[PDB]
Amino acid sequence: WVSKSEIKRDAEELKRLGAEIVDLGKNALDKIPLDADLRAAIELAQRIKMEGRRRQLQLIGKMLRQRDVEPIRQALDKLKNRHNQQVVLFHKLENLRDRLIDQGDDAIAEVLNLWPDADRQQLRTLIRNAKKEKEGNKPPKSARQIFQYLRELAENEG
RNA sequence: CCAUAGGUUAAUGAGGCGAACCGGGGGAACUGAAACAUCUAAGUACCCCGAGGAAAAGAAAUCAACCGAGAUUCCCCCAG
RNA sequence: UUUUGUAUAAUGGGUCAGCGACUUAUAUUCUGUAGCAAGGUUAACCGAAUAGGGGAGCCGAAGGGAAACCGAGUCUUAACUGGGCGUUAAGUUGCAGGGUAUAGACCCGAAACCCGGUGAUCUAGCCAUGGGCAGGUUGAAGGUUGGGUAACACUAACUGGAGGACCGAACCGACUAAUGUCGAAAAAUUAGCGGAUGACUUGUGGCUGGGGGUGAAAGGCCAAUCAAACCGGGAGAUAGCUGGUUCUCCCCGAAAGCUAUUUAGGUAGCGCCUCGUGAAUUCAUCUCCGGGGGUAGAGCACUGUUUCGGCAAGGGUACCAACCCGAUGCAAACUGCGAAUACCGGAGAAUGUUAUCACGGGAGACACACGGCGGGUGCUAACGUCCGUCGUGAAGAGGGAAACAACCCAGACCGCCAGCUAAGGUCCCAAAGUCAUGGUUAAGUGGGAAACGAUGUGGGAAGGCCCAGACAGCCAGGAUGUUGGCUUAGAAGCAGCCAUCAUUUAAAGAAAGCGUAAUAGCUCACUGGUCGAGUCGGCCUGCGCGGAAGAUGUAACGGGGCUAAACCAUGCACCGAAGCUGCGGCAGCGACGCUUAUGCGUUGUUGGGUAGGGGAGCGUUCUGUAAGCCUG
RNA sequence: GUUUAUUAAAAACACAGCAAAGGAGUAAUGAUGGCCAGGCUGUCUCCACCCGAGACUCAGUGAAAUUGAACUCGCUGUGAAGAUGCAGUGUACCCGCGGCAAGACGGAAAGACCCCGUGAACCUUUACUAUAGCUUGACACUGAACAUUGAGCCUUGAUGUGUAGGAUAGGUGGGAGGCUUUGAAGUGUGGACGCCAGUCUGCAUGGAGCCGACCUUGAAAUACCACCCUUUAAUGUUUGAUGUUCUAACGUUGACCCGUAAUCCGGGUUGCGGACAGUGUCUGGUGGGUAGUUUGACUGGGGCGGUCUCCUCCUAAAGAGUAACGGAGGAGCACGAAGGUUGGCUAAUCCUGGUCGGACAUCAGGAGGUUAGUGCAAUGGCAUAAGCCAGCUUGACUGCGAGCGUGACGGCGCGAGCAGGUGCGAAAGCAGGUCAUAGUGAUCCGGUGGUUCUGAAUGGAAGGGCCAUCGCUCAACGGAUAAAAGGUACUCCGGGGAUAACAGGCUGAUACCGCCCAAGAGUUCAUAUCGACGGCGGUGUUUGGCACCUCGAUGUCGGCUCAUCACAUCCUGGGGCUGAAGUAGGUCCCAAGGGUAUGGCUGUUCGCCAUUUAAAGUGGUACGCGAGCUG
RNA sequence: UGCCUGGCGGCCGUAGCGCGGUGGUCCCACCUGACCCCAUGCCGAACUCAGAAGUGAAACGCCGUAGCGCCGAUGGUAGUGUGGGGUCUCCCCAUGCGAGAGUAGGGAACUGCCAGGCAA
């Protein structure tokens, strides 16, 4: 016995995967192991829009009902993992910058712990300049300099 | 150094108010779709600028079709 | 008003007077009317102008197809014996009206969103200036004088006056109780109560302004309004929602059903309602005829289900048991059978204002309730819920059931101080039989209630014993071992193992009750005599009694009261409605004899009515008629 | 110390401490949580009296909520279901004054509770949609010198044998005269490619002659050239990524001077950075921080649970149709054959005999006429067989299709027959799918193939139109978006008793009580007292079933005050039986005149505990009584 | 015209089964061989081809037999439409229709066209 609710949920997951692969760019489609017919359907869906595009996506999901999805799911998982890693690194850099702007020496300690090679004097000078910019409504030159310095430190560490 | 900026004096003009109309710069929501996001409402509501008695536009780098009309503006058809 | 439903104790109204609700424009469809007619008609504009020009333009006469294109033909097809759309019917422009679509579009009512401005004299915080904190206490740091150390530490005496210190006034606050809730006060008064030198309080003047301000942080305060202030505009936002929709009369007159819905309290199509046109003895009741059922009933051939017995595969042969066989049952999901109704079609007399169908305009409604019948469900309980048919209410008053929509009789045109009748009634309330005949009842049954019980009473069929004398009564008998063996404690007939013998016999049992440790004793089955005629036990039942106790007051005939004024059978009379008939009066519908834009010498019938549809009218302001008429 | 101005002052909050311009086990403390002890008393048994203001009478002034109208009694039953107005019955002279409040479902607020609205408003997020902000890279402000290096256009030079061979020749080609002392053939030798087959040149002795089709070849000879692919190299060119230096852009809220009695600003010098930073467009990413929305319906109130489309049977009451969150089962296929024709054949279940083999394999005979089979759950039908086998085939075809069934409609199904061309069979004849009933998705949008149908001047083309076909568990399956989850007790708005919770009203499964039969218990004996197995009744004293009144407001558990009524009687009173010697009791009948507790635990009803009485009764009255009282 | 047979039908259990008797003059059946036509998922089994030697055994046709199967009244009863009544989870009254089962009884067929043989 198979529950209609489970079948509907599986269909929804298949349609979501189809929409994701359609959204993905040319390089992603090339990397993913998609057959010729599926690639043609994806290209047609990308070319078309509107209800026609959604029903082409539904056709893709119906085809995926029969065709295996494990390699496609693995490729999507790897791509999303890489993207999430990059996004998390960017978010952590932004958090470092924000805490440096707000607190000061407390964030300098964390920055030094994360990257011993970081220059404490330069970080303090940049933080003081950023505070002066905040007070005097000056452009975020110091904030962007701190962001670039953190990016360079992260790249050197990696 | 020159010179400029700045300063002093003389002459002309504006400074604000006024109901609506005109052009321009901004500019919504309610509501309809029996829901609602495109859309509509709407370039309407409302704010600002300027002149006038009207204003704006105005003499095609336009139409038309290879037949032909020769600025702009306004009214009725073409036309739901 | 809403409801299946309201006197409901569901909603609104204190009353009077005035004001208040389907209007307006633009296009479309239809109806009536008016001119023209295969033509009709003009917009803007001109116009000494409601005239006349202005044919720009719009509608139809020709449609088919997507189109090319064809043409009273055209699309499909390679094409039609074909099939889909047109031909044989006249449209147009106004006037008025019924709808349709947009404008706030029948009227009042939201919370809510955006735009532009006003608020920190209340209050939250902050900034600058000043003011206030009666009085009395605790009393550290520190300093001086001694004891005590190499120096320390520690300790006693004097000065000292720091504490978000203590008690307690002003001041701040509101923790408790009472009063005040249409109070003196839109958070107040009395006595207590905490702080009362600070993070305290306060006067004055400013700053922080609405998705914002402030907030020792409660979603608290921001001018008595704050989970997004106040004021003007979008804006008459929207409201599938609640309420209202105002003069009269005549005719007709439903539903709460099926399909679909982000769809259930709304909406779209159909059935149902109304108006008009056109159509066939069209439709309806019934007699007959040709029809198919699997329902009621019946049965178990089949499908299940159920009881007994046999052979019994197989399983563990005193033991479980398949498939089958014989008999007995049940089925909405069984029919070897099978109705009554109902439905279809045809023929036929009669009646019904065509009561039938097609089209067009307008609808309304799409919450149904109750009772009977056959059910599903629930508990064959529910004023419970869901089905199919009928009936009433909704939308129908009237008479009876005391009162009570859904029970019974019966469909109100109007008036009459006329008669008849249906249901129900005829002792009084209260109109009619204290009517007659033949029976039942002793119970207030009638006038609530079951399982069961009973010499209640009436009758039917019978049955047993009966003047060779029955049943019950009356002076009589009921003696002997059987103190029994047996479980010896005593059971002896009165506790049980046990037989359940035998003589006198007109006659009696080795034993039924009361009473003793058992005894004993008193009775009874049966047997003598008189009286003596009927007596005894069961079935069917009509009408009666118990089972039968509730709460404001008899309260389970309506009451009085009734022994017939209670129940069954029959009959004759009467009361009994808005039902029928009798008289007169009004209006619609169809006909014929005639009037022919209308009377009818007529004729038959109809006239309850909600939502709703059609038709006909009354009233008021203004305008022409109207410088006419009435009028000090 | 502060906190919800305006009833919540706390362990909560806060604190010292500890870890674009511009919170020091703890002394003390506490209107703090809990326990114990003493005093005190009107909190209470139980309340009595007195003092002042009202309340009462008189004189003067003088509102309010509410109001359909009232000539406005109780009881019984009915009724939209609790009657001042209905039917019956009893009672009551008319009209005032001081009180209580049981009611008039009494006044208050278009219920805050529950439901609905394809309602609103905030808050949350890995709901949808976006975006402020942040940010990546490219382009411009943005330059100059240098050190390399990836690559393109070329300029310039070699290099490149399947087999044929003087030859480590790839393609056409102006095709056939040039090279000549612009120091010749060949040479000591340096060097490049190198399948070791055979080309070559910076330089020179010498000194100025060598060569073209000529013989094979799918091409001929770098003799002159026009110009290139695999394979490589010197100069010049486009250049970018990266690195170093400089200033003239740009920054300077660094310093000095001036306008200037000037922390603004502008200008002049200088110092420090400097083509970095920043800004503007685009772009990748993040982004409940912000903003606009969504979160379906049936539902025995709502949520949860289950379902939303199609097929078979019943309910479905013998035409058709007919609902339930009613009772039983399936489906979103499959077959190029399991389809069409021609021909042929006919099982299940049993008995008999037979090696494995056995009850049940396969073989032969007997009964049997379908209980077999008919691909899929079931109905019906199927001997002509629609059931099974073999041969041939694609009619599972094309354009139609009269006439009907079926639904409101979209739509679905049947269908003789016309024309074309086919398959089977000699022929008559059959074939427009499957024995039939589930195996499916409207429209918009487009993809694919054909069609001059059209294609906005013409000739085309793009784009459309038509024919065929493809694309949705759009399963919420007549499918509102291509695109959406929750909380509100901070809530708000319009309504409902159309729909709940307390009560009211109907019924009585459940609950309590009474009774019929009587097995049996009771030392023998059913009925002194119980009494199983069974059955019949009364009450509305529990849980219940319905939702008929009430959501334009009926105050729902307790305690105090006040009580009233039924007896299914707790005591007192009158009796019967007894397994009643008497006191004391056990069971049942009549009897409601009277009475029928106090304290510790709870809010408690109830219940447990201790002590008394004759007892400390059961229930109805909106589970009595808040216009009477506390909460 | 009748005793017979075969084919094509109407009619379909009063029509079919169980038992006995009866037929080879014709027709029918059984039967012989299959080298050939034809066929066995193997077999002249079935079908097909050339004969009829032999026979009526089986089957087939006719008669009898009621032992079954089957048909089957009349009446009664159940049931039911209409209008009423009641001691109303059921029944009764007037009217109309009217079962099923069972019994008496019937029953072991009838009929249409043609062809062939016998006797007329």
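Residues numbered from 1 in each chain as written, not as in the entry; some residues may be left out. Chains lettered and ligands numbered in written order. Part of a larger assembly, values for the part shown. Heavy atoms only, no water.

- Structure determination for this entry is recorded as cryo-EM, at 4.16 Å resolution.

**Quick word on the overall build of chain A**
Moving on, step 1. When helices and strands are tallied, chain A shows 8 helices and 0 strands.
Moving on, step 2. Secondary structure elements of chain A, listed N to C terminal, follow the sequence α-α-α-α-α-α-α-α.
Moving on, step 3. Its C-alpha atoms give chain A a radius of gyration of 24 Å, clearly above 15 Å, the size a compact globule of 158 residues would have.
Moving on, step 4. Reported as C-alpha extents along the three principal axes, the dimensions of chain A are approximately 65 × 30 × 30 Å.
Moving on, step 5. Taking all contacts inside chain A whose residues are at least 6 apart in sequence as the whole, residues at least 24 apart take part in 59%.
Moving on, step 6. When the accessible surface of chain A is totalled, it reaches about 11200 Å², and 49% of it is carbon and sulfur. (Helix = DSSP H or I, 4+ residues; strand = E, 2+ residues; numbered from the N terminus. Rg over C-alpha atoms; globule rule 2.2 N^0.38 Å. Contact = heavy atoms within 4.5 Å. Areas by Shrake-Rupley, 256 points an atom, 1.4 Å probe, with all protein chains shown as cover.)

**Quick word on unusual backbone geometry**
Moving on, step 1. In this model, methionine 50 sits at a positive phi of 70°, which is unusual for a non-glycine residue.
Moving on, step 2. Position of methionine 50 among the secondary structure elements: in helix α4 (residues 50-66).
Moving on, step 3. In this structure, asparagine 137 takes a positive phi of about 50° despite not being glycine.
Moving on, step 4. With respect to the helices and strands, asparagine 137 occurs in the loop between α7 (120-135) and α8 (141-157).

**Describing the environment of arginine 99**
Moving on, step 1. Counting through the fold element by element, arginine 99 comes out in helix α5 (residues 70-102).
Moving on, step 2. Taking C-alpha positions, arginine 99 is 49 Å from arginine 67, a pair spaced 32 residues apart along the chain.

**Focus: the packing of helix α1 (residues 4-23) against α5**
Helix-helix packing: each pair is described by the crossing angle between the helix axes and the interaxial distance.
Moving on, step 1. Between α1 and α5, whose axes approach to 12 Å, the crossing angle comes to 55°. Here α1 is positioned oblique relative to α5, judged by the angle of their axes. For the pair α1 and α5, the sense of crossing is left-handed. Together, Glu13, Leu17, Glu20 and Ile21 of α1 and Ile72, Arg73, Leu76 and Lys80 of α5 make up the contact between the two elements.
Moving on, step 2. Tallied by class, residues from the contact of α1 with α5 come to 4 nonpolar, no polar and 4 charged. (Axes fitted to C-alpha atoms, helices over the stretch in contact; angles between N-to-C directions. Parallel < 35°, antiparallel > 145°, perpendicular 65-115°, else oblique. Left-handed = near helix turned anticlockwise from the far one by under 90°. Nonpolar A, V, L, I, M, F, W, Y, C, P; charged D, E, K, R; others polar.)

**Some remarks on the protein's contact with RNA strand D**
Moving on, step 1. In the vicinity of RNA strand D there are 28 residues, among which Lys4, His91, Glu94, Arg97 and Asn137 approach most closely.
Moving on, step 2. Each atom of RNA strand D within 4 Å of the protein belongs either to a base or to sugar and phosphate, the latter forming 71%.
Moving on, step 3. Here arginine 144 contributes a side-chain N or O atom positioned 2.6 Å from a phosphate oxygen of RNA strand D.
Moving on, step 4. If you list the elements that add at least two residues to the surface near RNA strand D, you get α1, α4, α5 and α8. (Near = heavy atom within 4 Å. Polar contact = N/O pair within 3.5 Å; in protein donor to acceptor, adjacent residues only side chain to side chain.)

**Points about the packing of α1 against helix α3 (residues 36-47)**
Moving on, step 1. Put simply, α1 and α3 touch, their axes get as near as 9 Å, and they point 75° apart. As far as their axial angle goes, α3 and α1 are roughly perpendicular. Residues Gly18, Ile21 and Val22 of α1 touch α3, and the partners they reach there are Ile42, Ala45 and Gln46.
Moving on, step 2. In terms of residue class, the contact of α1 with α3 is made up of 4 nonpolar, 2 polar and no charged.

**Describing the pattern of salt bridges**
Moving on, step 1. Summed over all chains, the structure comprises 9 salt bridges.
Moving on, step 2. Close ionic contact of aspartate 105 with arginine 124 constitutes a salt bridge, the shortest N to O distance being 2.9 Å. Here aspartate 105, found in helix α6 (residues 105-114), pairs with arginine 124, found in helix α7; they are 19 residues apart in sequence, far enough to count as distant.
Moving on, step 3. The exposure class of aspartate 105 is partly exposed, given its relative accessible area of 41%.
Moving on, step 4. A single salt-bridge network, built from bridges that share partners, covers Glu51, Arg54 and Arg55. (Salt bridge = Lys/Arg side-chain N within 4 Å of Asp/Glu carboxyl O. Buried < 20%, exposed > 50% of the residue type's maximum accessible area, 1.4 Å probe, protein only.)

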